[PDB]
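> Contents of structure.cif (mmCIF, C-alpha atoms and all ligand atoms) are below:
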```cif
data_start
#
loop_
_atom_site.label_atom_id
_atom_site.label_comp_id
_atom_site.auth_asym_id
_atom_site.auth_seq_id
_atom_site.Cartn_x
_atom_site.Cartn_y
_atom_site.Cartn_z
CA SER P 2 19.56 11.72 6.13
CA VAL P 3 16.62 9.32 5.97
CA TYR P 4 19.10 6.46 6.17
CA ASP P 5 20.51 7.92 9.39
CA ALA P 6 17.05 8.18 10.95
CA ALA P 7 16.26 4.59 9.92
CA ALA P 8 19.61 3.06 10.86
CA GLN P 9 19.03 4.44 14.36
CA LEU P 10 15.90 2.34 15.05
CA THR P 11 17.31 -0.05 17.67
CA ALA P 12 16.45 -3.66 18.45
CA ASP P 13 14.32 -2.54 21.40
CA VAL P 14 12.40 0.03 19.36
CA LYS P 15 11.79 -2.51 16.59
CA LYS P 16 10.52 -4.97 19.21
CA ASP P 17 8.04 -2.44 20.60
CA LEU P 18 6.90 -1.52 17.09
CA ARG P 19 6.31 -5.15 16.13
CA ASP P 20 4.59 -6.06 19.40
CA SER P 21 2.12 -3.18 19.16
CA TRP P 22 1.56 -3.70 15.43
CA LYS P 23 0.55 -7.33 16.05
CA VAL P 24 -2.49 -5.88 17.80
CA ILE P 25 -3.30 -2.61 16.04
CA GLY P 26 -2.47 -4.07 12.64
CA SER P 27 -4.83 -7.00 13.16
CA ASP P 28 -7.89 -4.80 12.54
CA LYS P 29 -6.80 -2.48 9.75
CA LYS P 30 -10.29 -1.27 8.87
CA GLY P 31 -11.29 -0.52 12.45
CA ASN P 32 -8.04 1.04 13.62
CA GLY P 33 -7.31 2.77 10.33
CA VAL P 34 -10.62 4.62 10.41
CA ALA P 35 -10.13 5.35 14.11
CA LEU P 36 -6.76 6.95 13.33
CA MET P 37 -8.24 9.18 10.63
CA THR P 38 -11.34 10.18 12.59
CA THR P 39 -9.14 11.08 15.56
CA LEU P 40 -6.88 13.18 13.35
CA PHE P 41 -9.91 15.10 12.08
CA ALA P 42 -11.32 15.52 15.58
CA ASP P 43 -8.17 16.91 17.19
CA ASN P 44 -6.72 18.69 14.16
CA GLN P 45 -9.71 20.11 12.32
CA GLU P 46 -7.39 22.30 10.23
CA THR P 47 -6.34 19.20 8.26
CA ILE P 48 -9.82 18.34 7.00
CA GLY P 49 -9.43 20.54 3.93
CA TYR P 50 -6.55 18.40 2.64
CA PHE P 51 -8.85 15.39 2.31
CA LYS P 52 -11.56 16.92 0.13
CA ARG P 53 -11.34 13.99 -2.30
CA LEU P 54 -12.73 11.74 0.43
CA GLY P 55 -15.95 13.73 0.72
CA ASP P 56 -17.70 14.05 4.07
CA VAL P 57 -15.20 12.53 6.49
CA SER P 58 -17.67 12.93 9.36
CA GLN P 59 -19.49 9.91 7.92
CA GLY P 60 -16.74 7.67 9.25
CA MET P 61 -16.99 3.97 8.40
CA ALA P 62 -20.01 4.63 6.16
CA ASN P 63 -17.91 6.78 3.83
CA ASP P 64 -16.54 4.30 1.28
CA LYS P 65 -13.77 6.64 0.11
CA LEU P 66 -12.62 7.22 3.69
CA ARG P 67 -12.77 3.50 4.43
CA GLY P 68 -10.73 2.68 1.33
CA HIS P 69 -8.16 5.33 2.21
CA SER P 70 -7.93 4.21 5.84
CA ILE P 71 -7.42 0.54 5.04
CA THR P 72 -4.77 1.39 2.46
CA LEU P 73 -2.99 3.64 4.97
CA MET P 74 -2.61 0.66 7.30
CA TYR P 75 -0.86 -1.29 4.55
CA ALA P 76 1.67 1.53 4.18
CA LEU P 77 2.41 0.98 7.86
CA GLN P 78 2.47 -2.79 7.32
CA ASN P 79 5.07 -2.13 4.63
CA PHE P 80 7.24 -0.10 7.01
CA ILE P 81 7.04 -2.73 9.75
CA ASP P 82 8.03 -5.51 7.35
CA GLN P 83 11.14 -3.60 6.22
CA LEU P 84 12.47 -2.76 9.69
CA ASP P 85 15.42 -5.16 9.51
CA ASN P 86 16.72 -3.84 6.19
CA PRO P 87 17.27 -0.05 6.33
CA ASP P 88 17.97 0.02 2.59
CA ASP P 89 14.50 -1.33 1.82
CA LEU P 90 12.87 0.80 4.51
CA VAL P 91 14.43 3.94 3.05
CA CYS P 92 13.24 3.35 -0.51
CA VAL P 93 9.65 2.68 0.60
CA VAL P 94 9.65 5.68 2.95
CA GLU P 95 10.90 7.92 0.15
CA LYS P 96 8.19 6.62 -2.20
CA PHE P 97 5.44 7.49 0.29
CA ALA P 98 7.16 10.76 1.10
CA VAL P 99 6.62 11.84 -2.52
CA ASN P 100 2.90 11.08 -2.16
CA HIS P 101 2.76 13.67 0.61
CA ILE P 102 5.24 16.15 -0.86
CA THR P 103 2.98 16.49 -3.89
CA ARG P 104 0.15 17.44 -1.52
CA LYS P 105 2.33 20.07 0.16
CA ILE P 106 2.44 18.23 3.49
CA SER P 107 5.40 19.49 5.53
CA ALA P 108 7.42 17.47 8.04
CA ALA P 109 5.72 19.38 10.86
CA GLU P 110 2.23 18.69 9.53
CA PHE P 111 3.04 15.02 9.01
CA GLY P 112 4.02 14.90 12.68
CA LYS P 113 0.44 15.73 13.64
CA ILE P 114 -0.28 12.02 13.26
CA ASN P 115 1.61 11.30 16.50
CA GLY P 116 -1.30 12.49 18.62
CA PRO P 117 -3.84 10.12 17.00
CA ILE P 118 -1.34 7.25 17.10
CA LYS P 119 -0.80 7.76 20.82
CA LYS P 120 -4.56 7.70 21.42
CA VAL P 121 -5.21 4.62 19.29
CA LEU P 122 -2.35 2.83 21.03
CA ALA P 123 -3.70 3.77 24.45
CA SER P 124 -7.12 2.39 23.48
CA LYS P 125 -5.37 -0.99 23.31
CA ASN P 126 -3.39 -0.33 26.50
CA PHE P 127 -0.06 0.46 24.81
CA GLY P 128 1.52 3.26 26.84
CA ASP P 129 4.02 6.06 26.32
CA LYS P 130 6.91 3.70 25.57
CA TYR P 131 5.07 2.45 22.49
CA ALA P 132 3.94 5.92 21.44
CA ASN P 133 7.58 7.02 21.62
CA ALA P 134 8.61 4.07 19.45
CA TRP P 135 6.07 5.03 16.80
CA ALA P 136 7.17 8.65 16.95
CA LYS P 137 10.65 7.42 16.01
CA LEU P 138 9.26 5.62 12.95
CA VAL P 139 7.26 8.71 11.97
CA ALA P 140 10.51 10.66 12.33
CA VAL P 141 12.02 8.55 9.55
CA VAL P 142 9.31 9.79 7.21
CA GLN P 143 9.81 13.35 8.45
CA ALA P 144 13.49 13.13 7.48
CA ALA P 145 12.29 12.78 3.88
CA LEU P 146 9.88 15.72 3.99
CA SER E 2 -19.70 -2.65 -13.02
CA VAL E 3 -17.03 -3.14 -10.37
CA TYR E 4 -19.62 -4.91 -8.22
CA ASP E 5 -20.51 -7.39 -10.96
CA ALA E 6 -16.80 -7.98 -11.56
CA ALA E 7 -16.24 -8.62 -7.85
CA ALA E 8 -19.11 -11.12 -7.98
CA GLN E 9 -17.04 -13.19 -10.41
CA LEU E 10 -14.62 -14.04 -7.59
CA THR E 11 -16.15 -17.39 -6.68
CA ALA E 12 -14.95 -19.78 -3.98
CA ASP E 13 -12.67 -21.62 -6.41
CA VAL E 14 -11.13 -18.40 -7.75
CA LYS E 15 -10.52 -17.02 -4.27
CA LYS E 16 -8.79 -20.26 -3.23
CA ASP E 17 -6.43 -20.15 -6.21
CA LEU E 18 -5.63 -16.50 -5.51
CA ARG E 19 -4.80 -17.25 -1.87
CA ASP E 20 -2.79 -20.38 -2.64
CA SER E 21 -0.59 -18.69 -5.25
CA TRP E 22 -0.22 -15.53 -3.16
CA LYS E 23 1.16 -17.50 -0.22
CA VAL E 24 4.12 -18.38 -2.44
CA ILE E 25 4.65 -15.26 -4.54
CA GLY E 26 3.84 -12.90 -1.69
CA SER E 27 6.64 -14.43 0.39
CA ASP E 28 9.21 -12.42 -1.59
CA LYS E 29 7.64 -9.06 -2.34
CA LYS E 30 10.87 -7.32 -3.33
CA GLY E 31 12.06 -10.06 -5.67
CA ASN E 32 8.75 -10.88 -7.33
CA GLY E 33 7.58 -7.28 -7.37
CA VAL E 34 10.66 -6.16 -9.29
CA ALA E 35 10.39 -9.22 -11.54
CA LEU E 36 6.82 -8.27 -12.44
CA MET E 37 7.79 -4.69 -13.29
CA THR E 38 10.90 -5.56 -15.30
CA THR E 39 8.85 -8.08 -17.28
CA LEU E 40 6.19 -5.45 -17.98
CA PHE E 41 8.84 -3.03 -19.26
CA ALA E 42 10.64 -5.71 -21.26
CA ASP E 43 7.56 -7.06 -23.05
CA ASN E 44 5.61 -3.79 -23.30
CA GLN E 45 8.17 -1.05 -23.94
CA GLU E 46 5.38 1.35 -24.86
CA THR E 47 4.37 1.60 -21.19
CA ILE E 48 7.77 2.80 -19.94
CA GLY E 49 6.89 6.41 -20.70
CA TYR E 50 4.32 6.40 -17.89
CA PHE E 51 7.00 5.63 -15.31
CA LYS E 52 9.16 8.68 -15.98
CA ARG E 53 9.41 9.43 -12.25
CA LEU E 54 11.25 6.17 -11.57
CA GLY E 55 14.17 7.14 -13.80
CA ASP E 56 16.12 4.44 -15.64
CA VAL E 57 13.95 1.35 -15.13
CA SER E 58 16.39 -0.83 -17.08
CA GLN E 59 18.54 -0.79 -13.93
CA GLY E 60 16.01 -3.05 -12.23
CA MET E 61 16.79 -3.89 -8.60
CA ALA E 62 19.64 -1.35 -8.60
CA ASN E 63 17.14 1.48 -9.08
CA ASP E 64 16.00 2.58 -5.60
CA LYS E 65 12.84 4.29 -6.86
CA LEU E 66 11.85 1.20 -8.83
CA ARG E 67 12.51 -1.06 -5.84
CA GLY E 68 10.41 1.13 -3.56
CA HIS E 69 7.63 1.25 -6.13
CA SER E 70 7.76 -2.51 -6.69
CA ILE E 71 7.62 -3.44 -3.01
CA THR E 72 4.71 -1.04 -2.46
CA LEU E 73 2.84 -2.51 -5.42
CA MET E 74 2.96 -5.92 -3.75
CA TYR E 75 1.26 -4.48 -0.67
CA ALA E 76 -1.59 -3.30 -2.87
CA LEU E 77 -2.08 -6.93 -3.90
CA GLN E 78 -1.81 -8.05 -0.26
CA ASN E 79 -4.56 -5.53 0.47
CA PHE E 80 -6.83 -7.02 -2.23
CA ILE E 81 -6.27 -10.57 -0.99
CA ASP E 82 -7.10 -9.58 2.58
CA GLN E 83 -10.39 -8.02 1.42
CA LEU E 84 -11.67 -11.05 -0.51
CA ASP E 85 -14.07 -11.99 2.31
CA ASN E 86 -15.98 -8.70 2.10
CA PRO E 87 -16.94 -7.43 -1.39
CA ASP E 88 -17.85 -3.99 -0.02
CA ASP E 89 -14.35 -3.50 1.38
CA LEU E 90 -12.67 -5.02 -1.66
CA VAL E 91 -14.51 -2.56 -3.88
CA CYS E 92 -13.60 0.53 -1.86
CA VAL E 93 -9.88 -0.33 -1.88
CA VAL E 94 -9.97 -1.19 -5.58
CA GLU E 95 -11.59 2.17 -6.32
CA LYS E 96 -8.97 4.00 -4.24
CA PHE E 97 -6.19 2.46 -6.33
CA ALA E 98 -8.15 2.94 -9.53
CA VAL E 99 -8.03 6.68 -8.91
CA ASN E 100 -4.24 6.50 -8.58
CA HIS E 101 -4.14 5.12 -12.12
CA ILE E 102 -6.92 7.27 -13.59
CA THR E 103 -4.90 10.37 -12.66
CA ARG E 104 -1.96 8.83 -14.54
CA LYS E 105 -4.14 8.44 -17.64
CA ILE E 106 -4.12 4.63 -17.50
CA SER E 107 -7.07 2.99 -19.27
CA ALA E 108 -8.65 -0.38 -18.51
CA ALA E 109 -7.04 -1.80 -21.65
CA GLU E 110 -3.53 -0.66 -20.73
CA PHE E 111 -3.90 -1.75 -17.12
CA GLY E 112 -4.78 -5.15 -18.57
CA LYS E 113 -1.30 -5.39 -20.09
CA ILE E 114 -0.16 -6.57 -16.65
CA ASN E 115 -1.81 -9.95 -17.34
CA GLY E 116 1.04 -11.00 -19.62
CA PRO E 117 3.77 -10.39 -17.00
CA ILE E 118 1.70 -12.04 -14.26
CA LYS E 119 1.29 -15.23 -16.27
CA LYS E 120 4.99 -15.30 -17.17
CA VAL E 121 6.35 -14.83 -13.66
CA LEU E 122 3.78 -17.25 -12.23
CA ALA E 123 4.86 -19.84 -14.80
CA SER E 124 8.48 -19.41 -13.70
CA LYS E 125 7.27 -20.38 -10.22
CA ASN E 126 5.45 -23.46 -11.53
CA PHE E 127 1.98 -21.89 -11.41
CA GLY E 128 0.13 -22.46 -14.67
CA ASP E 129 -2.74 -20.97 -16.66
CA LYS E 130 -5.21 -21.93 -13.93
CA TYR E 131 -3.62 -19.41 -11.57
CA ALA E 132 -2.94 -16.81 -14.25
CA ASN E 133 -6.64 -16.86 -15.11
CA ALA E 134 -7.60 -16.46 -11.45
CA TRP E 135 -5.46 -13.34 -11.24
CA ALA E 136 -6.90 -12.04 -14.49
CA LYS E 137 -10.29 -12.07 -12.77
CA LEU E 138 -9.02 -9.93 -9.90
CA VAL E 139 -7.32 -7.58 -12.36
CA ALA E 140 -10.69 -7.37 -14.13
CA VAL E 141 -12.19 -5.87 -10.96
CA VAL E 142 -9.70 -2.99 -11.16
CA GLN E 143 -10.33 -2.63 -14.88
CA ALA E 144 -14.04 -2.18 -14.17
CA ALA E 145 -13.20 0.85 -12.04
CA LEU E 146 -10.98 2.56 -14.62
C1 LIG P 201 1.28 7.41 9.83
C2 LIG P 201 1.23 8.48 8.86
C3 LIG P 201 0.62 8.47 7.60
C4 LIG P 201 0.47 7.44 6.72
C5 LIG P 201 0.98 6.00 6.90
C6 LIG P 201 -0.16 7.97 5.51
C7 LIG P 201 -0.48 7.22 4.37
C8 LIG P 201 -1.04 7.72 3.19
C9 LIG P 201 -1.28 6.94 1.99
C10 LIG P 201 -0.87 5.49 1.74
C11 LIG P 201 -1.89 7.77 1.11
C12 LIG P 201 -2.31 7.51 -0.34
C13 LIG P 201 -1.28 8.10 -1.29
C14 LIG P 201 -1.76 8.15 -2.72
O1 LIG P 201 -2.41 7.17 -3.16
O2 LIG P 201 -1.49 9.16 -3.41
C15 LIG P 201 -2.03 9.05 1.76
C16 LIG P 201 -2.63 10.18 1.18
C17 LIG P 201 -2.71 11.44 1.76
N1 LIG P 201 -2.17 11.78 2.99
FE1 LIG P 201 -1.30 10.55 4.31
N2 LIG P 201 -0.41 9.32 5.65
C18 LIG P 201 0.04 9.64 6.93
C19 LIG P 201 -0.11 10.89 7.54
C20 LIG P 201 -0.68 12.03 6.93
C21 LIG P 201 -0.86 13.31 7.59
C22 LIG P 201 -0.53 13.59 9.05
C23 LIG P 201 -1.42 14.16 6.66
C24 LIG P 201 -1.81 15.50 6.80
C25 LIG P 201 -1.57 16.38 7.91
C26 LIG P 201 -1.56 13.38 5.44
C27 LIG P 201 -2.12 13.89 4.25
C28 LIG P 201 -2.43 13.13 3.13
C29 LIG P 201 -3.20 13.63 2.01
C30 LIG P 201 -3.79 15.03 1.86
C31 LIG P 201 -3.38 12.59 1.17
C32 LIG P 201 -4.19 12.58 -0.12
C33 LIG P 201 -5.57 12.00 0.12
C34 LIG P 201 -6.37 11.88 -1.16
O3 LIG P 201 -6.70 12.93 -1.76
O4 LIG P 201 -6.66 10.74 -1.57
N3 LIG P 201 -1.13 12.07 5.62
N4 LIG P 201 -1.47 9.02 3.01
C1 LIG P 202 -1.26 -5.74 -10.74
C2 LIG P 202 -1.50 -4.42 -11.23
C3 LIG P 202 -0.98 -3.24 -10.71
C4 LIG P 202 -0.80 -2.90 -9.40
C5 LIG P 202 -1.14 -3.75 -8.18
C6 LIG P 202 -0.34 -1.52 -9.37
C7 LIG P 202 -0.06 -0.78 -8.20
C8 LIG P 202 0.35 0.55 -8.15
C9 LIG P 202 0.59 1.31 -6.94
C10 LIG P 202 0.32 0.84 -5.52
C11 LIG P 202 1.05 2.53 -7.32
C12 LIG P 202 1.38 3.74 -6.45
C13 LIG P 202 0.24 4.76 -6.49
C14 LIG P 202 0.68 6.14 -6.05
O1 LIG P 202 1.42 6.23 -5.04
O2 LIG P 202 0.28 7.13 -6.70
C15 LIG P 202 1.09 2.53 -8.76
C16 LIG P 202 1.57 3.59 -9.53
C17 LIG P 202 1.58 3.63 -10.92
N1 LIG P 202 1.08 2.63 -11.74
FE1 LIG P 202 0.34 0.83 -11.20
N2 LIG P 202 -0.24 -1.02 -10.66
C18 LIG P 202 -0.58 -2.08 -11.49
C19 LIG P 202 -0.52 -2.05 -12.89
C20 LIG P 202 -0.17 -0.94 -13.65
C21 LIG P 202 -0.08 -0.93 -15.10
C22 LIG P 202 -0.34 -2.16 -15.98
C23 LIG P 202 0.29 0.33 -15.49
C24 LIG P 202 0.60 0.82 -16.78
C25 LIG P 202 0.29 0.20 -18.05
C26 LIG P 202 0.42 1.11 -14.26
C27 LIG P 202 0.87 2.44 -14.20
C28 LIG P 202 1.22 3.13 -13.03
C29 LIG P 202 1.85 4.43 -13.01
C30 LIG P 202 2.23 5.29 -14.21
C31 LIG P 202 2.09 4.73 -11.71
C32 LIG P 202 2.81 5.96 -11.18
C33 LIG P 202 4.27 5.67 -10.86
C34 LIG P 202 4.96 6.86 -10.23
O3 LIG P 202 5.14 7.88 -10.94
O4 LIG P 202 5.32 6.78 -9.04
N3 LIG P 202 0.17 0.31 -13.14
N4 LIG P 202 0.62 1.33 -9.27
CL1 LIG P 203 -0.38 -14.23 -7.13
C1 LIG P 203 0.98 -13.50 -7.91
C2 LIG P 203 0.73 -12.21 -8.71
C3 LIG P 203 2.14 -11.95 -9.09
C4 LIG P 203 2.75 -10.76 -8.69
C5 LIG P 203 4.10 -10.50 -9.04
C6 LIG P 203 4.86 -11.43 -9.81
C7 LIG P 203 4.24 -12.65 -10.21
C8 LIG P 203 2.90 -12.91 -9.86
#
```
Using structure tokens, write down the structure from this file.
Ligand code: HEM
Ligand code: HEM
Ligand SMILES: ClCCc1ccccc1

Amino acid sequence: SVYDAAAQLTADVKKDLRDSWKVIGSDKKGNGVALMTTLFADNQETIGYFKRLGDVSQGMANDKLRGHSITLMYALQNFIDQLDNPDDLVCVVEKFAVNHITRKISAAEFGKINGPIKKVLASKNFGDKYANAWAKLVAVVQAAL
Amino acid sequence: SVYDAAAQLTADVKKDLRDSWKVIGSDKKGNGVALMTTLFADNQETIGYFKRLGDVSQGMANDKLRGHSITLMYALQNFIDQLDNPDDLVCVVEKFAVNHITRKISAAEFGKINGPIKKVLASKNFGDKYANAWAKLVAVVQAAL
């Protein structure tokens, strides 16, 4: 269950998530847009899903993309803040899961975000250990998809 | 005009928003649920819109309502963090406006949240001064609906 996936996040994993978020989460606009642009660059097949955002190749200049990207970072902020209470983490993960289920995003497709996350983390010198920690958090969302 | 509405957020208004948010934002789960339950209690005619959440009279015991309420508080955190840059505040307000436009929520009905905000703020010892400050931020969203 989602609860099982969440309840598994250990003290060490939570520490790595919080340490890396202190940095990447400090510039939500910059890193949020970087995450999205990287997703579109490496997984071009996902561009069609974001037609509401218009021309995503415009990057930071695209107001709809910027608004979406900043907001995405607050969804992550939400997850990070609920790490110590699995009950709260589960109900927020399920809420966001619905947002993607309605768009027909499968667990496998949601996992495509791991590549971009690994790259954005590396840009700030956070290695494989941190990318693995984030993959575990993404896995909690996948348990709900 | 969302831009003209954003222009109404003067130095004094921004300070009151930040000062009150430091307190209310410290307990997103508790105050978020309080805001929602107050909305449903005082404006029963809005309950129909929240059909997805199930039995909202259950309050904190309703997992979907709790997840929704916590997430709502992060939307407000987002707005507060964008106060320095009107261009970024506007793009995040418009992103959320779309979420409500698709739910058939008008500017007038969105404005019904002002009652609950004033009531909960008052229970925290924050008077009309602060309620009015928040009404100005709410007015920015209303301009986009
Ligand atoms: C770290 C992972 C991710 C986070 C935190 C995230 C966050 C969000 C948020 C907060 C929204 C707005 C929901 C709404 O207002 O309805 C959203 C929308 C969306 N997401 Fe994600 N998402 C993630 C990964 C993905 C991936 C990998 C895909 C696709 C392969 C995806 C596809 C979508 C689509 C299509 C929308 C709708 C965009 C629109 O039309 O406005 N998301 N996401
Ligand atoms: C302080 C003002 C408010 C904030 C910050 C707020 C925030 C939010 C957020 C973040 C969502 C989730 C969007 C999504 O995932 O699609 C949402 C959903 C929703 N909001 Fe609001 N909202 C506010 C006031 C209102 C008011 C006054 C109404 C109705 C009179 C309203 C009706 C809705 C509805 C119907 C949904 C969909 C719930 C669902 O089915 O999951 N909102 N709101
Ligand atoms: Cl600044 C506080 C806006 C507010 C949100 C939820 C409950 C009470 C007040």
> Compile the contact shell of residue 94 (chain E) as a count of residues only: residues with an atom at most 9 Å away, counting all atoms listed in the file, same-chain residues fewer than 4 positions apart removed.
10
> Find the nearest atom pair between each residue of chain P and ligand LIG 202 (chain P) for residues within 12 Å, count only C-alpha atoms and all ligand atoms, give distances in Å to one decimal, sort rows by chain and ascending number, and present the table as JSON lines.

```
{"residue": "P:72", "atom": "CA", "partner": "P:LIG202", "partner_atom": "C10", "distance": 9.5}
{"residue": "P:73", "atom": "CA", "partner": "P:LIG202", "partner_atom": "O1", "distance": 11.2}
{"residue": "P:75", "atom": "CA", "partner": "P:LIG202", "partner_atom": "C10", "distance": 10.4}
{"residue": "P:76", "atom": "CA", "partner": "P:LIG202", "partner_atom": "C10", "distance": 9.8}
{"residue": "P:79", "atom": "CA", "partner": "P:LIG202", "partner_atom": "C10", "distance": 11.6}
{"residue": "P:93", "atom": "CA", "partner": "P:LIG202", "partner_atom": "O1", "distance": 10.6}
{"residue": "P:94", "atom": "CA", "partner": "P:LIG202", "partner_atom": "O1", "distance": 11.5}
{"residue": "P:95", "atom": "CA", "partner": "P:LIG202", "partner_atom": "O4", "distance": 10.8}
{"residue": "P:96", "atom": "CA", "partner": "P:LIG202", "partner_atom": "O1", "distance": 7.4}
{"residue": "P:97", "atom": "CA", "partner": "P:LIG202", "partner_atom": "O1", "distance": 6.8}
{"residue": "P:98", "atom": "CA", "partner": "P:LIG202", "partner_atom": "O1", "distance": 9.5}
{"residue": "P:99", "atom": "CA", "partner": "P:LIG202", "partner_atom": "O1", "distance": 8.1}
{"residue": "P:100", "atom": "CA", "partner": "P:LIG202", "partner_atom": "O1", "distance": 5.8}
{"residue": "P:101", "atom": "CA", "partner": "P:LIG202", "partner_atom": "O1", "distance": 9.4}
{"residue": "P:102", "atom": "CA", "partner": "P:LIG202", "partner_atom": "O1", "distance": 11.4}
{"residue": "P:103", "atom": "CA", "partner": "P:LIG202", "partner_atom": "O2", "distance": 10.1}
{"residue": "P:104", "atom": "CA", "partner": "P:LIG202", "partner_atom": "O2", "distance": 11.5}
```
> Out of E:122, E:133, E:4, E:47, which residue has the shortest atom-to-atom distance to ligand LIG 203 (chain P) when counting only C-alpha atoms and all ligand atoms?
E:122
> Which residues sit within 6 Å of ligand LIG 203 (chain P), counting only C-alpha atoms and all ligand atoms, listed as a list in words?
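Based on only C-alpha atoms and all ligand atoms, ligand LIG 203 (chain P) is surrounded within 6 Å by residues 18, 21, 22, 25, 32, 33, 36, 118, 121 and 122 of chain E.
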> Which residue out of E:24, E:66, E:6, E:106 has the minimum interatomic distance to chain P when all atoms listed in the file are used?
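Distance minimum relative to chain P lands on E:66.
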